[PDB]
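Novice: here we go, the starting part of the complex in its complex frame:
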Amino acid sequence: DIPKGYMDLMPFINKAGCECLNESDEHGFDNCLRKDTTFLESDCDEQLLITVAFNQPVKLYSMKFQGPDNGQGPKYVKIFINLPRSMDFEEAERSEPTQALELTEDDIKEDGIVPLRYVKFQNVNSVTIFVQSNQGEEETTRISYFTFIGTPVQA
């Protein structure tokens, strides 16, 4: 897939910065990271907060934020960038995101690629996703596959 001139940003992801809050121990953060049927599930409630850092600064164009069809796919996502400190759910709800995202149903499918405002993502070091709600309004949310499409800034 992916638009011409871009690449999957998987090899540029630094595992030292990755950190997901409210995840069930049985459903690890790597499940959403990996392109398998394995999924990441929130453990406390629907809200989730996943921070991913990169080895080198990168520029994002589109995200593949997809989950299952049972309605537990995300629906409202606040994206913050270059966070100098770990993110708190209270502030994340309060804070103004770099980009707000109302994930329609079609995004959650396997062919769902969500374009991002490339203007605001030109010096991304670490990207934090605050999943505020899910489609089915369940007590928890599942993410089948999450990744980023973009290009390195060639540091």
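Specialist: Thanks, I have the structure now. Numbers count the residues shown, from 1 in each chain, chains lettered A, B, ... in the order given.

Novice: can we go C-alpha only for contacts and neighbour counts from here?
Specialist: OK.

Novice: ignoring the adjacent residues along the chain, who's closest to the residue most central in space within chain A?
Specialist: The centroid of chain A falls nearest to residue A:129 when counting by CA atoms, centre = their mean (4.9 Å). Nearest residue to residue A:129, sequence neighbours excluded (CA to CA, 6 or more residues apart in numbering): residue A:79, at 4.8 Å.

Novice: where does the nearest residue to residue A:46 once chain neighbours are set aside fall, phi/psi-wise?
Specialist: In space, and not counting its chain neighbours, residue A:46 is closest to residue A:140: 4.2 Å by CA to CA, 6+ apart. The phi and psi values for residue A:140, taken as degrees, to the nearest 10, are phi -150, psi 160.

Novice: part of a strand, is residue A:92?
Specialist: No - Residue A:92: not assigned to a strand; according to DSSP: H, G, I helix; E, B strand; the rest coil it is helix.

Novice: that one contacts residue A:130, doesn't it?
Specialist: Yes - between residue A:92 and residue A:130 there is a contact under CA atoms under 8 Å: 6.8 Å.

Novice: give the contact list for residue A:101.
Specialist: Contacts here follow CA atoms under 8 Å, 6 or more residues apart in numbering; on that basis residue A:101 touches A:75, A:76, A:77, A:78, A:79.

Novice: what's the residue nearest to residue A:129 in contact with, if anything?
Specialist: A:97, A:98, A:99, A:100, A:101, A:127, A:128, A:129, A:130.

Novice: which among those count as buried?
Specialist: Buried subset of these (neighbour count, 16 or more other CA atoms under 10 Å): A:97, A:101, A:127, A:128, A:129, A:130.

Novice: any chance of CSV for those residues, columns secondary structure and distance to residue A:149?
Specialist: Below are the buried ones among the contacts of residue A:79 laid out as CSV (DSSP: H, G, I helix; E, B strand; the rest coil; distance: CA to CA, whole Å):
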residue, secondary structure, distance to residue A:149
A:97, coil, 19
A:101, strand, 16
A:127, strand, 13
A:128, strand, 15
A:129, strand, 15
A:130, strand, 18
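
Novice: wait, what's in contact with the residue nearest to the centre of chain A?
Specialist: Contacts of residue A:129 (CA under 8 Å, 6+ apart): A:48, A:49, A:50, A:51, A:77, A:78, A:79, A:80.

Novice: and then chain B:
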Amino acid sequence: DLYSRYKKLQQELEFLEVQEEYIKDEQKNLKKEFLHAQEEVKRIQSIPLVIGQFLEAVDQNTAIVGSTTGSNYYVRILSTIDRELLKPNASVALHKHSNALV
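Specialist: Let me put chain B in with the others:
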């Protein structure tokens, strides 16, 4: 004929008003710029300055001056200096980094 001349007169008058307002605004801004330029010229006369001897006047704005560092320099005379006060071997203060006869 008559109406065309009258309309041309009105258009010309309005354009004259526009030019007048333009010129007044530019006059104000030019006065500000002149003040800044005078400030800069005065600031170039700050301290320290190296003493030298006004050896010879070459042009209305350029002279040859013997700076007491022991060296002769062809430098530029500042306008505000009284020309009649510029006599040979007179002691003159020169800009430290440019030797301009300050």
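
Novice: and the contacts of residue A:101, now that chain B is in?
Specialist: With contacts defined as CA atoms under 8 Å, 6 or more residues apart in numbering or on different chains, residue A:101 is in contact with A:75, A:76, A:77, A:78, A:79.

Novice: now do the residue nearest to the centre of chain A against residue B:70, distance only.
Specialist: Residue A:129 sits 72 Å away from residue B:70, taking CA to CA, to the nearest Å as the criterion.

Novice: swap in residue B:7?
Specialist: With distances taken as CA to CA, residue B:7 is found 74 Å from residue B:70.

Novice: all strands for the chain, in order.
Specialist: The chain I'm using is chain A. Taking DSSP state E as the criterion, chain A contains strands spanning A:7-8, A:13-21, A:40-41, A:48-63, A:74-81, A:99-102, A:114-115, A:124-134, A:142-143, A:148-152.

Novice: meant chain B, my bad for not saying
Specialist: B:49-57, B:62-67, B:71-76, B:90-95.

Novice: what about residue 59, how many residues nearby?
Specialist: Since you didn't name a chain, this refers to chain A. Neighbours of residue A:59 under the rule other CA atoms under 10 Å in any protein chain shown: 21.

Novice: my bad, chain B
Specialist: When neighbours are counted by other CA under 10 Å, residue B:59 comes out with 10.

Novice: got it, and the one 3 residues further on?
Specialist: Taking other CA under 10 Å as the neighbour definition, residue B:62 ends up with a count of 17.

Novice: residue A:152 now?
Specialist: 19.

Novice: and the nearest residue to it once chain neighbours are set aside, what does it touch?
Specialist: Counting by CA to CA, 6 or more residues apart in numbering or on different chains, the nearest residue to residue A:152 once its immediate chain neighbours are dropped is residue A:58, at 4.3 Å. The contact partners of residue A:58, by CA under 8 Å, 6+ apart, come to A:122, A:123, A:124, A:125, A:150, A:151, A:152, A:153.

Novice: relative to residue B:102, how far out is residue A:58?
Specialist: 55 Å.

Novice: same thing with residue B:64?
Specialist: 13 Å.

Novice: between those two, which has more neighbouring residues?
Specialist: More crowded of residue B:64 and residue B:102, by other CA under 10 Å: residue B:102, with 24 against 20.

Novice: ok, the more buried one touching residue B:92?
Specialist: Yes - Residue B:102 lies in contact with residue B:92 (CA under 8 Å); the separation is 7.4 Å.

Novice: slot chain C in:
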Amino acid sequence: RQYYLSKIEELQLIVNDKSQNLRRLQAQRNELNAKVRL
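Specialist: With chain C now in place:
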């Protein structure tokens, strides 16, 4: 008819006066701009 002529002559004298005024303003601005440029 003659009303046209009265309006025309009044505007003509006004335009002449303002043209002299504009020329004077231009001379003043020119001298100030010359000072600034120098």
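
Novice: can you tell me which residues contact the closest residue to residue B:12 other than its chain neighbours?
Specialist: Spatial nearest neighbour of residue B:12, excluding adjacent residues (CA to CA, 6+ apart): residue C:15 at 7.3 Å. By CA under 8 Å, 6+ apart, the contact set of residue C:15 is B:9, B:12, B:13, B:16.

Novice: and if you look at residue A:109?
Specialist: Contacts of residue A:109 by CA under 8 Å, 6+ apart are A:66, A:67, A:68, A:69.

Novice: name the nearest residue to the residue most central in space within chain B, ignoring sequence neighbours.
Specialist: The centroid of chain B falls nearest to residue B:79 when counting by CA atoms, centre = their mean (6.9 Å). Spatial nearest neighbour of residue B:79, excluding adjacent residues (CA to CA, 6+ apart): residue B:61 at 6.9 Å.

Novice: that neighbour and residue A:127, how far apart?
Specialist: Counting by CA to CA - residue B:61 and residue A:127 are separated by 64 Å.

Novice: likewise residue B:34?
Specialist: 53 Å.

Novice: same check, this time on residue A:147
Specialist: 11 Å.

Novice: so whatever residue of chain A ends up closest to chain C versus residue A:58, what's the distance?
Specialist: Closest residue of chain A to chain C, CA to the nearest CA: residue A:119 (43.3 Å). Residue A:119 sits 13 Å away from residue A:58, going by CA to CA.

Novice: re earlier: before we move on, what SS does the residue nearest to residue B:12 have?
Specialist: helix.

Novice: got it, and the one 4 residues further on?
Specialist: Applying three-state DSSP to residue C:19 yields a three-state assignment of helix.

Novice: wait, isn't it in contact with residue B:16?
Specialist: Yes - at 6.9 Å, residue C:19 and residue B:16 qualify as touching, with contact defined as CA under 8 Å.

Novice: of the contacts of residue A:109, just the buried ones, ChimeraX syntax please.
Specialist: A single ChimeraX command is used to select the members of the contacts of residue A:109 judged buried by 16 or more other CA atoms under 10 Å in any protein chain shown:
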select /A:66,67,68
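
Novice: between the contacts of residue A:109, which is nearest chain B?
Specialist: For the contacts of residue A:109, the nearest to chain B is residue A:66 (60.9 Å; CA to the nearest CA).
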